[PDB]
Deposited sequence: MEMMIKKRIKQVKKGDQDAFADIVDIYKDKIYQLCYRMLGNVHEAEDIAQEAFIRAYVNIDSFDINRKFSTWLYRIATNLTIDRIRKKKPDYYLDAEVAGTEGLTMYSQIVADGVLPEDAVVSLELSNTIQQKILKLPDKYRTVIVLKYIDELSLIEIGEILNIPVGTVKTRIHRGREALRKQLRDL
């Protein structure tokens, strides 16, 4: 977008106030992604901030050729997948919305991720592919599997 990229040029030259504009634009969606991935207010908030802080600190390595939201979504996505895995106790050895949230957590994180981006966040199969760094064909598979596991959890609500 013209608004956003003009804001990114401004932060890279010193304007930290331009970055707050970027945070304000994406905070809801990024926090939404983290929260629907983790199911936990304190973890989602921590991870969502970490996403933006890391976005700022790595901003001179971002190609303005490419879409900024993809890049930011990818940071947040990697940070949340990271926490879900290290949450598993043995990692280091080698209401209605609320009810659907608990079901979402029972999905393996590869299908959880595509379901959240597709159905809660309304992103295209193309952008998901770029976000996760996989071809559109692979995304479709995971969506199909995710849909299936999701149907098992939700059909009786």
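> No C-alpha coordinates means not modelled. Give me those stretches of the deposited sequence in order.
According to the deposited record, C-alpha coordinates are absent for 1, 96-124, which together make up the missing parts.
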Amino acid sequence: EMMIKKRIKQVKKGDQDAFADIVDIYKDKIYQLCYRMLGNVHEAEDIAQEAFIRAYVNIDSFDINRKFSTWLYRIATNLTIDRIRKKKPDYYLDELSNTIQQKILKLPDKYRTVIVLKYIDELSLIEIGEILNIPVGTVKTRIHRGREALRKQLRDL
From here on, numbers count along this sequence of modelled residues.
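> Comparing average C-alpha B factors as deposited, tell me which of 36-44 and 59-67 sits higher.
Looking at the recorded C-alpha B-factors, 59-67 comes out higher on average.
> Which has the higher mean CA temperature factor in the PDB entry, 48-56 or 85-93?
Higher mean C-alpha B-factor: 85-93.
> Sort the modelled residues of this chain by their C-alpha B factor and say whether residue 126 lands in the lowest, middle or highest third.
Top third by C-alpha B-factor.
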